[PDB]
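Visitor: Numbering (the entry's author numbering), first residue to last: 1 to 97. Using N, Cα and C, we set each Cβ at its ideal position, and we do this for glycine too.
1. Look at residue 65 and residue 81 and say whether their C-beta atoms are less than 8 Å apart.
2. When the Cα of residue 23 is compared with those of 45, 30, 10 and 31, which residue comes out closest?
3. For a test of your reading of the model: does the CB of residue 95 fall under 7 Å from any non-hydrogen atom of the ligand GDP? Yes or no.
4. Cβ of residue 42 within 8 Å of Cβ of residue 18?
5. Got a sec, what are the start and stop residues for the alpha helix (DSSP H) residue 55 sits in?
Rendered as structure tokens:
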């Protein structure tokens, strides 16, 4: 339909989905040793966001959703993004407590 990555402005709250950015282009169609097993993998270009849901299985793959797609993401390729919320307190003022 219409829903997907973006479009439906945020109205209510939802489950926490770890955001992971792609470090390099991933092609499970050519990279993967087999296409059949490649289906389980989730392709993504560098700089692409992947709504990761949960942790990674033994293999070490993060199951996330990107571009209205679902599959496995190689924790090796992608990476964790920095926190958006207020950052830690650095150089705490000299003021006395």
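Guide: Reading from the atomic positions:
1. By one-based count along the chain shown, residue 65 stands at place 65. By one-based count along the chain shown, residue 81 stands at place 81. No. Outside cutoff.
2. On the chain shown, position 23 is the one that residue 23 refers to. Taking only the C-alpha atoms, the option nearest residue 23 is 45.
3. The ligand GDP is not among the ligands present in this structure, which contains no ligands whatsoever.
4. As a first step, residue 42 is located in the chain shown; it is residue number 42 there, counting from the start. As a first step, residue 18 is located in the chain shown; it is residue number 18 there, counting from the start. It is not a contact, given that the beta carbons lie outside the stated cut-off.
5. For the purposes of this step, residue 55 is taken as residue 55 along the chain shown, with counting starting at 1. Element bounds for residue 55: not the alpha helix (DSSP H) but the beta strand (DSSP E), 49–56.
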